[PDB]
Every structure is written in structure tokens, then in C-alpha cells.
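*Asks:* Below are the C-alpha cells for one structure; questions will follow.
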Amino acid sequence: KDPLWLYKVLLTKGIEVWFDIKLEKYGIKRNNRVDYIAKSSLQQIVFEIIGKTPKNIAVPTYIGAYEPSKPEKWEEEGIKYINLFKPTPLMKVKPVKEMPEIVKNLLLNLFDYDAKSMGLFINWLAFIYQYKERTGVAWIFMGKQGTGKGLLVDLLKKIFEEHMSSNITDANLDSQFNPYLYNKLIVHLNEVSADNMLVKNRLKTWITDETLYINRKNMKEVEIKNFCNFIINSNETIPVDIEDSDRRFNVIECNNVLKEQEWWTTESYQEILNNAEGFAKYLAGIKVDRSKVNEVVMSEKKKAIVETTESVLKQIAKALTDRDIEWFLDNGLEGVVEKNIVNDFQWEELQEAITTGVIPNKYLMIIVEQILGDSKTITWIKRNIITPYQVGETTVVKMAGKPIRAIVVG
Amino acid sequence: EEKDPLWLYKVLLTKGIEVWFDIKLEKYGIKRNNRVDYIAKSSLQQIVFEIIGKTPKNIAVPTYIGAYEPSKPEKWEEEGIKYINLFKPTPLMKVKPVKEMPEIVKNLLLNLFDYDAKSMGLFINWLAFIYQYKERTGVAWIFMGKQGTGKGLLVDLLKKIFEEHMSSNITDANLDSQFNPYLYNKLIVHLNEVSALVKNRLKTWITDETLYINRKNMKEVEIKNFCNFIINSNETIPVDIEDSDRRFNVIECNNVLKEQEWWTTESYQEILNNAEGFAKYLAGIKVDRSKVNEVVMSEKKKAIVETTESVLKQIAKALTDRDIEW
Ligand SMILES: [Mg+2]
């Protein structure tokens, strides 16, 4: 008579069953807990609940999908979907405008009291909480332990519960499975090393990729819409190679240990966590600037990281290109004069050369020997500076009367 | 017992579902609303039940071979073998030709090729060909240079047109994975270089008639290759480029978008909303077929080669060429 009788009878009892054509797995939903089970396992559940093991599981075929904004069910095109996102308690909570004070002190302590970046993070966090989308930006919190980086994780972990992954390590990534990304709004990573590959570089795409592949054990490899947002806690060690011109990472050094503050009592740690609801309420009541979510800033620490990560040869080439003497002097070129590698006259010619962007071989070698600490041949300097960073062309120019081999910037 | 060996096939066609058994994959295929899935038998029996109210012991459907042939019809019969098509066009693939490209999209493209018509137009001729003719080009494009030049935006833009036919932001990690579905039924395959060179295998993917496809819970299977490769990199060479190279166009772009006049906030999003516009434009190109697989010695490609190639080679060549000047 009826292809869905069993569906309905189990709905009568507050269980929603379906077959998930995508995962070829029967899904089941009670009390905002979603599980996927094989058929036999369902038959075992069904038996317990109606006292009959039917040969045919009379349930609808949906596609389970983690769409936080969308309803309990919907039908894109001709396909009926069912939702795997169920909001946590503290996601369904009444807006407020004040943030709990002890929570505020944590956040202040953490951003070293800098409103700009702190407020930007709250705008990010709010957007994630409220709109529940991918930002395309990630936050790195580095600096010494006990600065409440880990506490911020626990705090958030409470608000988001199942939608957050916590303390994911390099080891978890080397695992062939990766359920730490399945149905996650926030994904926290811990770095723990003395690094100085940086396998968390793979993350950079995750930040911005529309979709992820999800290999789970005993499940099909499946591609899903990406709702991930990434926080990374680090020791001092840099966890990701940061390009100069970077748009994904906000970096926040915090070395304000909590136990060295006035306001820190014993019960503070726990007090903070008890105010999770308070901080949820606050986040729910933010008025979200949508343009500031994916904004990044050149914090002091991000700059230090870049100027150490980027190749010294690049930095030379850029100073050659920019005709930027000041850089070379900042990096101790003036030492050429002290050691009598060159006289007062030639030193004028040498500086002139950098600025004008016309550099005789014997000055180029003198410069690059002096900046780098041992002598490099023209050949090397060409192959490892001038050529790869397109500084310019090797040519002749007549200086005085003699024709001189030179590099002509441009 | 049986009167008709395909009754079930037909009844499910009545309801706009096309079911078959793939001999190649020994997996039952199913097609609704231009979404193709492959499922085990039990899973099909579960679907069938829901739709007719009867679980038959025998799945009365035709045996075809699923094949991703974009040019070819919904079905055909090479030799004596009936095939069924896994290519279904996305919305913006079926869209009406035009001759003007949306202006804000044009500014992206201009920005990206540093306003160089030659190479830019060549890329449009490539992209058009892929869009229109839907074949393997045998050429690939590398976009390197600093972030926020709209390399990533061009990927999202195209990702909207091609949808499921393009793989996005494939990394070294994905390649070290034993599976590789990022090549299964793909017209475009985008890669991110992030290191500060395992992608040399792509060299061959660009030109190989066929690929092996290891997918989880599926048989390793060999398929006709429709891949075309874009690689975003961030100043790190992703692939060893031979002096005399015919596969790679390289395009350095350091024009950050946020440093242009025309860049507003809503620009990022505006660009993506014009995906349909840019699709329409691509559909209306008149494709020079000889220029598709053309490559050029951009400034950056040369720099890459003269740094990649061995100094000892360069000495020897100067000895050979009797070239004092070098
Ligand atoms: Mg092959």
C-alpha cells in the first residue's frame, strides 16, 4: 500500500529515518543527534521500536547535506535534501550588547588590549556564529603558553560543540581520514615544535576552497561544501609559510601570561567557561560588518615572520629594482669602506650605481659579497638574483673611456 | 518467469530517473535532474522501493558503459557496445552566445595579464575552446605572482561556470593521496602551489590520451582524458620547465586588485555575479583552433628556464656557440 509507512511510524516516535543515496547509508535523527548506519544496523533499531523486521525499509531517499543557513529539509532542483546541521544550545540564544566582563578581560589580554584587531576578530567570530559561512580568513595566535589561547579554544568549543574541531595536530593530518573537517564551522589546529615540510600549508587552500574531499573510515570518500574557518595556536614556531602579500592570515602574538595579571584568580579559568552562554549571547547580538570579516592586517608579528621567511636574494633583488640604497646601508654595506675593499672615490661610484640602477660587474660582486658575507661570482649573482627576479639585463656601458660590463636595472 | 527484461528501466524513466548497470564499474548508475551517481545494488533496491513500492529480486535495467564524452550525445553505440554519458552540461554551459564581455570581468582579466592583449586573448581562445569544444588542449596556464591579483578569483569565477567539471585548489597533499577523483570527469583542473617538485607528473596529464582513476570503494579504471590544467603559484616554481617547452604558458601578475582605481568592496562579489555574462561571452567566441595549443616565451617563463637549467650546460653551450660575449 505505502512506500513510506515505516518513515511515518518512526516520526510518530520522534525518529527521522532516511536512505542517503550519496553515502548509501541509512541516516537516523533523534534529539538533534544524527547518525549514519548500515541497513542491518537499522533493521536492528527498527525491530526494537515496532517489533517487526521488514525486508523492505520503507523510508524516503534524501541527500544529507550540512547547510547551516538552510531549513531541516529542502529541494534544490528535483533533489530532496535533508540537513545534517542541527544548532547547539548556545547557538539558539537571545541577543545581547554587553560581553561578560571576565570574558572581555581574556579577549583584551589576548590581543594585548588592541581594539582594532580584537574587534575585527569579534566581527569574524560573530559572522561565523551568525551567518555560519566560510570567511576565507584564518587567525593565528602565537606566543607563550597560558596566554589563554587554549582557553579561548575551550570557550568557543563550548558554544559550537560538535561544529568545532579542537587541537588538531600534524599527526591528524597524516592520517588518511579527516573527519575533523566533516561538518565543522571552526577548525582549531595546534602547532607543537621547534621547527627552526610545514604540512599545515595544505590548510591555506582549505580556507578558501568551495569544497573539500572527506575520507572517513567505512564511509565513501565524499565531496562536501566547505564551512570551515581556521584558528591555529602556535608556540613561537611558524606553522605556515606566509607570503609577503598575504590575504588569508591574521597573526596575533600574545605573551601576556594570565597568571601574571592582577585580575587572575584561581576560579577565573572556570568562571570564563561558565560565561560561554554570556559570550554566545554577545556574539549573537553583534551587528556584522560583512566587509571587515575577510579583512587582514599586517600585525607586527606577521611582518617579522615575512621578513624572515622571504629569501634574502629576493630582498637584494628588490633593493636593486627599487634603486634603494637605504636598504643596503641598513644591511651594513657601509662596511665596504671600513675594510678598504674600496676607496672614498669608488664608494661614491658604488652608491651612485645602485641609485641610478646601473651597476658595474666589479661593484655588483663587491655589494653581494658584502651583504652576504662571502664572494659570489657574477655568474652566480646572475643565476640566483638578477635573472630569477628579473632585475635587469647584463650589458656594456662606457664608464670613463673604458667599456664596462654592467647590470642595467629595469 | 519474465515478460520484459527492461520494465523497471522504463517505469523509472516515466518518473525522470535513468537507471543502468555499469559493467565497467560493476556498479549501478542512476541519473536524475542532471546529477549522476553510482550505487551498489542494495542501495538501488532501496531507491526503487521508495519509487514503486516493490523490491524486485531482479533489477530489470539495461547494461551500458558509462563514459564522460562531452561532445557525444546522451547515449551511443561504438562498435557493438552501448555507452551512456556521464557528462551533463551545467546551467551556464547551456547559455546564449554574446560578443561583449562583462566590463568588471574584463577589468579582472586585463589586470591579470597586465593589460597584454596577446596573451590574454590567447587565454580566452583556450578557455573558449575548453568551454565550447570541451576537449583536452595539451597546454596549461601557470599564473604566478603575489596574492590578491585575482588568480584565485578567476578560479572561483570559472568554478561557477564549470561547476562540477572543475577541480579547485588541488594541492601536493591531494596528489600524495592514493585516490584521485580530482581528475574524474573534469574539463578544468586547478592546482595551488604553496611551497616556499611532485607536480612534474602533470606534465604528462596535460597530453596523455587517458588517465587511471583510483576512487575509494570503486575499481581502478582507465578513462579518456578531458583535463586542462591551471596552476596558481606564489612565486615558487611549481614545475621543472625545459628550455624548449610546449606545454606551459606562464603569466606573472603582481597587479594587486586592492591597489587599482576600479576596485570597490562589491567588486569581488560583482565579478562572480557576472559568471553568466562571462559564460555567454565565452560561448560566443569564434575559436581559432590553431592558437589553442600555442605557447609563448613570456618574460617569466624565460627567467624560470635560465635559473632551472644547469650552469654547466650554459658553459658548454657558450663553448659550442663559440660565444665569448656570454
Ligand atoms: Mg595514459
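We label chains A, B, ... in the order they appear in the C-alpha cells, count residues from 1 in each chain, and number ligands from 1 in the order shown.
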Using only C-alpha atoms and all ligand atoms, which protein or nucleic acid residues are at most 10 Å from ligand 1, as an mmCIF file with N, CA, C and O atoms, in the first residue's frame?

*Replies:*
data_model
loop_
_atom_site.group_PDB
_atom_site.id
_atom_site.type_symbol
_atom_site.label_atom_id
_atom_site.label_comp_id
_atom_site.auth_asym_id
_atom_site.auth_seq_id
_atom_site.Cartn_x
_atom_site.Cartn_y
_atom_site.Cartn_z
ATOM 1 N N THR B 204 52.710 15.115 -18.031
ATOM 2 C CA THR B 204 52.124 14.030 -18.823
ATOM 3 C C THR B 204 50.580 14.034 -18.859
ATOM 4 O O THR B 204 49.996 13.742 -19.892
ATOM 5 N N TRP B 205 49.930 14.371 -17.749
ATOM 6 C CA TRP B 205 48.452 14.522 -17.702
ATOM 7 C C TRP B 205 47.886 15.494 -18.756
ATOM 8 O O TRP B 205 46.793 15.278 -19.303
ATOM 9 N N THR B 207 48.917 16.057 -21.726
ATOM 10 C CA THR B 207 48.941 15.470 -23.061
ATOM 11 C C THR B 207 48.528 14.000 -23.162
ATOM 12 O O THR B 207 48.442 13.484 -24.284
ATOM 13 N N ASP B 208 48.313 13.302 -22.040
ATOM 14 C CA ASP B 208 48.038 11.858 -22.106
ATOM 15 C C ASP B 208 46.606 11.654 -22.570
ATOM 16 O O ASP B 208 45.694 12.326 -22.075
ATOM 17 N N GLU B 209 46.440 10.766 -23.553
ATOM 18 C CA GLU B 209 45.134 10.410 -24.092
ATOM 19 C C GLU B 209 44.214 9.976 -22.965
ATOM 20 O O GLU B 209 43.040 10.309 -22.989
ATOM 21 N N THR B 210 44.740 9.189 -22.024
ATOM 22 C CA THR B 210 43.938 8.576 -20.931
ATOM 23 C C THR B 210 44.616 8.621 -19.548
ATOM 24 O O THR B 210 45.852 8.554 -19.432
ATOM 25 N N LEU B 211 43.786 8.639 -18.518
ATOM 26 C CA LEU B 211 44.247 8.587 -17.124
ATOM 27 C C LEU B 211 43.721 7.350 -16.401
ATOM 28 O O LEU B 211 42.684 6.782 -16.801
ATOM 29 N N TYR B 212 44.460 6.913 -15.382
ATOM 30 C CA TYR B 212 43.973 5.891 -14.431
ATOM 31 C C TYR B 212 43.313 6.611 -13.296
ATOM 32 O O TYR B 212 43.888 7.556 -12.750
ATOM 33 N N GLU B 222 40.455 3.083 -16.151
ATOM 34 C CA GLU B 222 41.162 3.926 -17.105
ATOM 35 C C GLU B 222 40.122 4.677 -17.895
ATOM 36 O O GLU B 222 39.096 4.091 -18.242
ATOM 37 N N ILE B 223 40.318 5.978 -18.086
ATOM 38 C CA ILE B 223 39.319 6.796 -18.772
ATOM 39 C C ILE B 223 39.957 7.770 -19.720
ATOM 40 O O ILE B 223 41.090 8.195 -19.494
ATOM 41 N N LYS B 224 39.188 8.161 -20.742
ATOM 42 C CA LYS B 224 39.599 9.208 -21.677
ATOM 43 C C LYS B 224 39.790 10.494 -20.907
ATOM 44 O O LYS B 224 38.968 10.825 -20.044
ATOM 45 N N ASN B 225 40.879 11.195 -21.221
ATOM 46 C CA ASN B 225 41.290 12.400 -20.512
ATOM 47 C C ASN B 225 40.733 13.650 -21.173
ATOM 48 O O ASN B 225 41.082 13.968 -22.317
#

*Asks:* Using 7 Å as the limit and counting only C-alpha atoms, can you tabulate each residue of chain B that touches chain A, with its shortest atom-to-atom distance in Å and the two atoms involved, as a tab-separated table?

*Replies:*
residue	atom	partner	partner_atom	distance
B:33	CA	A:78	CA	5.9
B:43	CA	A:24	CA	5.8
B:47	CA	A:61	CA	6.4
B:49	CA	A:3	CA	6.8
B:50	CA	A:3	CA	5.3
B:53	CA	A:3	CA	4.9
B:146	CA	A:245	CA	5.9
B:147	CA	A:245	CA	5.8
B:148	CA	A:247	CA	6.9
B:168	CA	A:209	CA	6.8
B:169	CA	A:205	CA	6.0
B:171	CA	A:202	CA	6.6
B:173	CA	A:202	CA	6.8
B:194	CA	A:201	CA	6.6
B:196	CA	A:241	CA	6.4
B:216	CA	A:221	CA	5.9
B:217	CA	A:220	CA	6.6
B:303	CA	A:388	CA	5.1
B:304	CA	A:388	CA	6.3
B:307	CA	A:383	CA	5.5

*Asks:* Using only C-alpha atoms for the distances, tell me which of B:144, B:67, B:19, B:6 is nearest to residue 45 in chain B.

*Replies:*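 Among the listed residues, the smallest separation from residue 45 in chain B belongs to B:19.
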
*Asks:* Do you know which residues are at most 8 Å from range 229-243 of chain B counting only C-alpha atoms, after dropping those on the same chain fewer than 2 positions away, and could you put them as a VMD selection string?

*Replies:* (chain A and resid 243) or (chain B and resid 139 to 147 151 to 152 188 to 200 206 227 245 248 304 to 306 308 to 309)

*Asks:* Could you please take those selected residues and save N, CA, C and O atoms as a compact mmCIF listing (two decimals), in the first residue's frame?

*Replies:*
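Result saved to again_17.txt:
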# COMPACT_ATOMS: atom_id res chain seq x y z
N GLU A 243 53.35 34.27 2.67
CA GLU A 243 53.80 35.11 1.54
C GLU A 243 53.77 36.58 1.98
O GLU A 243 52.93 36.95 2.80
N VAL B 139 47.83 22.20 -23.58
CA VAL B 139 48.54 23.31 -22.97
C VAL B 139 47.93 23.65 -21.59
O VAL B 139 46.75 23.37 -21.32
N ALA B 140 48.78 24.21 -20.72
CA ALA B 140 48.41 24.60 -19.37
C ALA B 140 48.92 25.99 -19.04
O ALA B 140 49.95 26.44 -19.57
N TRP B 141 48.20 26.66 -18.15
CA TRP B 141 48.49 28.02 -17.79
C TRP B 141 48.91 28.09 -16.34
O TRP B 141 48.28 27.47 -15.49
N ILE B 142 50.01 28.79 -16.09
CA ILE B 142 50.53 28.99 -14.77
C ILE B 142 50.39 30.48 -14.56
O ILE B 142 50.78 31.27 -15.42
N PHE B 143 49.76 30.84 -13.43
CA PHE B 143 49.60 32.19 -13.04
C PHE B 143 50.39 32.27 -11.79
O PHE B 143 50.01 31.66 -10.78
N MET B 144 51.53 32.97 -11.84
CA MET B 144 52.28 33.23 -10.62
C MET B 144 52.40 34.69 -10.35
O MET B 144 51.89 35.52 -11.10
N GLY B 145 52.90 34.98 -9.16
CA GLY B 145 52.95 36.33 -8.65
C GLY B 145 52.16 36.43 -7.36
O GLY B 145 51.52 35.48 -6.93
N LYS B 146 52.21 37.60 -6.75
CA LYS B 146 51.67 37.80 -5.42
C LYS B 146 50.16 37.57 -5.31
O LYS B 146 49.44 37.58 -6.31
N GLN B 147 49.70 37.35 -4.08
CA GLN B 147 48.28 37.08 -3.81
C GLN B 147 47.43 38.31 -4.03
O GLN B 147 47.94 39.43 -4.00
N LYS B 151 43.94 35.76 -9.18
CA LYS B 151 44.19 34.42 -9.68
C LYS B 151 43.14 33.52 -9.07
O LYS B 151 42.49 32.75 -9.76
N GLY B 152 42.99 33.63 -7.75
CA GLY B 152 42.01 32.87 -7.00
C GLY B 152 40.59 33.24 -7.39
O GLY B 152 39.70 32.40 -7.40
N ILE B 188 38.44 21.16 -16.44
CA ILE B 188 39.47 22.03 -15.90
C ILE B 188 39.91 21.48 -14.55
O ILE B 188 39.10 20.94 -13.82
N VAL B 189 41.19 21.56 -14.27
CA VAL B 189 41.76 21.08 -13.02
C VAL B 189 42.77 22.11 -12.51
O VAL B 189 43.83 22.32 -13.11
N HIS B 190 42.40 22.78 -11.43
CA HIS B 190 43.18 23.85 -10.88
C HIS B 190 44.05 23.35 -9.74
O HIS B 190 43.55 22.65 -8.87
N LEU B 191 45.33 23.76 -9.73
CA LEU B 191 46.27 23.41 -8.68
C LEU B 191 46.86 24.61 -7.99
O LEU B 191 47.22 25.61 -8.63
N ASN B 192 47.04 24.51 -6.68
CA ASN B 192 47.73 25.56 -5.88
C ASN B 192 49.09 25.03 -5.51
O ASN B 192 49.19 23.94 -4.89
N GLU B 193 50.09 25.82 -5.81
CA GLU B 193 51.41 25.55 -5.34
C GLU B 193 51.47 26.37 -4.08
O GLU B 193 51.02 27.49 -4.03
N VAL B 194 51.95 25.79 -3.01
CA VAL B 194 52.04 26.54 -1.79
C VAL B 194 53.40 26.49 -1.13
O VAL B 194 53.70 27.24 -0.25
N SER B 195 54.28 25.66 -1.63
CA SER B 195 55.59 25.51 -1.03
C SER B 195 56.41 26.77 -1.12
O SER B 195 56.30 27.52 -2.07
N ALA B 196 57.23 27.00 -0.13
CA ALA B 196 58.05 28.17 -0.15
C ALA B 196 59.46 27.77 -0.53
O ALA B 196 59.66 27.12 -1.54
N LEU B 197 59.79 18.99 -6.58
CA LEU B 197 58.60 19.38 -7.34
C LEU B 197 57.68 18.20 -7.86
O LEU B 197 57.68 17.86 -9.07
N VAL B 198 56.85 17.66 -6.96
CA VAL B 198 55.94 16.49 -7.26
C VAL B 198 54.86 16.70 -8.34
O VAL B 198 54.24 15.73 -8.79
N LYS B 199 54.60 17.95 -8.73
CA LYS B 199 53.68 18.25 -9.82
C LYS B 199 54.24 17.96 -11.20
O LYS B 199 53.50 18.08 -12.18
N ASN B 200 55.50 17.55 -11.34
CA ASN B 200 56.02 17.17 -12.67
C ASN B 200 55.24 16.06 -13.37
O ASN B 200 55.37 15.90 -14.57
N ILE B 206 48.63 16.57 -19.01
CA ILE B 206 48.25 17.59 -19.98
C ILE B 206 48.04 16.98 -21.35
O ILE B 206 47.07 17.32 -22.03
N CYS B 227 41.16 16.67 -19.33
CA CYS B 227 41.68 17.63 -18.39
C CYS B 227 42.46 18.74 -19.05
O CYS B 227 43.14 18.57 -20.08
N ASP B 245 60.07 24.33 -24.23
CA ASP B 245 58.82 23.77 -23.68
C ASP B 245 57.58 24.17 -24.45
O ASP B 245 57.42 25.33 -24.80
N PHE B 248 53.49 24.78 -21.24
CA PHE B 248 53.18 25.78 -20.24
C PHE B 248 53.24 27.20 -20.76
O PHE B 248 54.27 27.64 -21.27
N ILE B 304 62.53 31.67 -15.52
CA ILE B 304 62.40 30.37 -14.88
C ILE B 304 63.34 29.37 -15.52
O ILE B 304 63.96 28.58 -14.82
N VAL B 305 63.41 29.40 -16.84
CA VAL B 305 64.27 28.47 -17.58
C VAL B 305 65.77 28.72 -17.32
O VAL B 305 66.54 27.79 -17.06
N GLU B 306 66.17 29.99 -17.39
CA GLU B 306 67.57 30.38 -17.20
C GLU B 306 68.10 30.20 -15.78
O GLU B 306 69.31 30.37 -15.54
N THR B 308 66.47 27.44 -13.91
CA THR B 308 66.31 26.00 -13.82
C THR B 308 67.45 25.26 -14.51
O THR B 308 67.93 24.26 -13.98
N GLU B 309 67.87 25.73 -15.68
CA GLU B 309 68.87 24.99 -16.47
C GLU B 309 70.26 25.07 -15.84
O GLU B 309 70.60 26.06 -15.20

*Asks:* Name the residues in contact with residue 325 in chain B at a cut-off of 12 Å, using only C-alpha atoms, excluding same-chain residues fewer than 5 positions from it; report them as a VMD selection string.

*Replies:* (chain A and resid 394 to 396 405) or (chain B and resid 315 318 to 319)

*Asks:* Closest to residue 82 in chain B among B:110, B:21, B:119, B:97, using only C-alpha atoms?

*Replies:*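 The closest residue to residue 82 in chain B is B:21.
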
*Asks:* Can you tell me, as a list in words, what residues are no more than 9 Å from residue 72 in chain A when counting only C-alpha atoms, ignoring any on the same chain fewer than 6 positions away?

*Replies:* residues 81, 82, 83, 84, 85 and 86 of chain A

*Asks:* Restricting it to C-alpha atoms, dump the selection as a compact mmCIF listing (two decimals), in the first residue's frame.

*Replies:*
# COMPACT_ATOMS: atom_id res chain seq x y z
CA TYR A 81 17.86 17.15 0.63
CA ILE A 82 17.87 16.70 4.42
CA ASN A 83 20.02 18.70 6.82
CA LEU A 84 22.91 17.41 8.96
CA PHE A 85 23.39 20.81 10.66
CA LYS A 86 21.48 20.97 13.96

*Asks:* Using backbone DSSP assignments, extract all strand (DSSP E or B) residues from range 30-173 of chain B; output them as an NGL selection string.

*Replies:* :B and (30-32 or 35-39 or 63-67 or 75-78 or 81-85 or 140-144 or 166-170)

*Asks:* Using only N, CA and C atoms, please write the residues we just selected to a file, as a CSV table (one decimal), in the first residue's frame.

*Replies:*
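This went into selection36.csv:
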chain,number,residue,atom,x,y,z
B,30,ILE,N,22.7,5.8,-11.8
B,30,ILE,CA,21.4,6.5,-11.7
B,30,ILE,C,21.5,8.0,-12.1
B,31,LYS,N,20.5,8.5,-12.8
B,31,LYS,CA,20.6,9.8,-13.4
B,31,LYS,C,19.2,10.5,-13.2
B,32,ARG,N,19.2,11.6,-12.3
B,32,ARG,CA,18.1,12.5,-12.1
B,32,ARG,C,18.6,13.9,-12.2
B,35,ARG,N,22.2,15.1,-12.3
B,35,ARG,CA,23.1,14.6,-11.3
B,35,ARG,C,23.3,13.1,-11.5
B,36,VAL,N,24.5,12.6,-11.8
B,36,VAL,CA,24.8,11.2,-12.0
B,36,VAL,C,25.5,10.6,-10.7
B,37,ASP,N,24.9,9.5,-10.2
B,37,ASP,CA,25.5,8.8,-9.1
B,37,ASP,C,25.8,7.3,-9.5
B,38,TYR,N,26.7,6.6,-8.9
B,38,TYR,CA,26.9,5.2,-9.0
B,38,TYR,C,26.7,4.6,-7.6
B,39,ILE,N,25.9,3.5,-7.6
B,39,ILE,CA,25.5,2.9,-6.3
B,39,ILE,C,25.5,1.4,-6.4
B,63,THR,N,22.3,-2.8,-19.5
B,63,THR,CA,23.7,-2.8,-19.2
B,63,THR,C,24.3,-1.9,-20.3
B,64,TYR,N,24.9,-0.8,-19.8
B,64,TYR,CA,25.6,0.2,-20.6
B,64,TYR,C,27.0,0.4,-20.0
B,65,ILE,N,27.8,1.2,-20.6
B,65,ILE,CA,29.1,1.6,-20.1
B,65,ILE,C,29.1,3.1,-20.0
B,66,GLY,N,29.2,3.6,-18.8
B,66,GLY,CA,29.2,5.0,-18.5
B,66,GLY,C,30.5,5.6,-19.0
B,67,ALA,N,30.4,6.7,-19.7
B,67,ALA,CA,31.6,7.3,-20.3
B,67,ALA,C,31.4,8.8,-20.4
B,75,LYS,N,23.5,9.1,-25.3
B,75,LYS,CA,23.9,7.7,-25.5
B,75,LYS,C,24.3,7.4,-26.9
B,76,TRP,N,25.1,6.3,-27.1
B,76,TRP,CA,25.6,5.9,-28.4
B,76,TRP,C,26.1,4.5,-28.4
B,77,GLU,N,26.5,4.0,-29.5
B,77,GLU,CA,27.0,2.7,-29.6
B,77,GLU,C,28.2,2.4,-30.4
B,78,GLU,N,29.4,2.7,-29.9
B,78,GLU,CA,30.7,2.4,-30.7
B,78,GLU,C,30.8,0.9,-30.8
B,81,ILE,N,29.1,-1.8,-28.7
B,81,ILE,CA,29.0,-1.5,-27.3
B,81,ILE,C,28.2,-0.3,-26.9
B,82,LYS,N,27.1,-0.5,-26.3
B,82,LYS,CA,26.3,0.6,-25.9
B,82,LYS,C,26.9,1.4,-24.7
B,83,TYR,N,27.0,2.7,-25.0
B,83,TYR,CA,27.6,3.6,-24.0
B,83,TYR,C,26.5,4.5,-23.5
B,84,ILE,N,26.6,5.1,-22.3
B,84,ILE,CA,25.8,6.1,-21.7
B,84,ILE,C,26.7,7.2,-21.2
B,85,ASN,N,26.2,8.4,-21.2
B,85,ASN,CA,27.1,9.6,-21.0
B,85,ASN,C,27.0,10.1,-19.5
B,140,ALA,N,48.8,24.2,-20.7
B,140,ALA,CA,48.4,24.6,-19.4
B,140,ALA,C,48.9,26.0,-19.0
B,141,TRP,N,48.2,26.7,-18.1
B,141,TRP,CA,48.5,28.0,-17.8
B,141,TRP,C,48.9,28.1,-16.3
B,142,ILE,N,50.0,28.8,-16.1
B,142,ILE,CA,50.5,29.0,-14.8
B,142,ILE,C,50.4,30.5,-14.6
B,143,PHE,N,49.8,30.8,-13.4
B,143,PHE,CA,49.6,32.2,-13.0
B,143,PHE,C,50.4,32.3,-11.8
B,144,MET,N,51.5,33.0,-11.8
B,144,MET,CA,52.3,33.2,-10.6
B,144,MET,C,52.4,34.7,-10.3
B,166,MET,N,35.0,21.2,-12.8
B,166,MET,CA,36.3,21.7,-12.5
B,166,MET,C,36.7,21.4,-11.1
B,167,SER,N,38.0,21.0,-10.9
B,167,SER,CA,38.5,20.8,-9.6
B,167,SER,C,39.3,22.0,-9.2
B,168,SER,N,39.2,22.4,-7.9
B,168,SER,CA,39.7,23.7,-7.4
B,168,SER,C,40.7,23.4,-6.3
B,169,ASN,N,41.8,24.1,-6.3
B,169,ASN,CA,42.8,24.3,-5.2
B,169,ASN,C,43.3,22.9,-4.8
B,170,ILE,N,43.6,22.1,-5.8
B,170,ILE,CA,44.2,20.8,-5.6
B,170,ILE,C,45.7,21.1,-5.2

*Asks:* Name all residues at most 7 Å from residue 150 in chain B (count only C-alpha atoms; drop same-chain ones fewer than 6 positions away) and give them as a PDB file with N, CA and C atoms, in the first residue's frame.

*Replies:*
ATOM      1  N   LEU B 108      39.167  42.493 -14.568  1.00  0.00           N
ATOM      2  CA  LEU B 108      39.895  41.394 -13.885  1.00  0.00           C
ATOM      3  C   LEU B 108      40.882  40.795 -14.829  1.00  0.00           C
ATOM      4  N   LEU B 112      44.896  40.974 -14.790  1.00  0.00           N
ATOM      5  CA  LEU B 112      45.618  39.714 -14.588  1.00  0.00           C
ATOM      6  C   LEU B 112      46.757  39.474 -15.559  1.00  0.00           C
ATOM      7  N   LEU B 257      44.804  43.678  -6.855  1.00  0.00           N
ATOM      8  CA  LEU B 257      43.496  44.323  -7.121  1.00  0.00           C
ATOM      9  C   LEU B 257      43.135  45.514  -6.204  1.00  0.00           C
TER      10      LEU B 257
END

*Asks:* Could you find all residues in range 258-320 of chain B that DSSP calls alpha helix (DSSP H) from the backbone, and write them as an MDAnalysis selection string?

*Replies:* chainID B and resid 267:273 275:283 299:308 311:320

*Asks:* What's around residue 287 in chain B at 9 Å? Count only C-alpha atoms, leave out sequence neighbours fewer than 5 positions away in its own chain, and write the answer as a list in words.

*Replies:*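 That gives residues 125, 126, 128, 129, 132 and 292 of chain B.
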
*Asks:* One decimal, Å: what's the distance from CA of residue 200 in chain A over to CA of residue 231 in chain A, could you say?

*Replies:*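 One can read the CA of residue 200 in chain A to CA of residue 231 in chain A distance as 11.8 Å.
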
*Asks:* In Å, with one decimal, what is the gap from CA of residue 236 in chain A to CA of residue 292 in chain A?

*Replies:* 27.2 Å

*Asks:* Point out the residue among A:44, A:280, A:355, A:313 with the least atom-to-atom distance to residue 372 in chain A, counting only C-alpha atoms.

*Replies:*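 Under the stated criterion, the closest residue is A:313.
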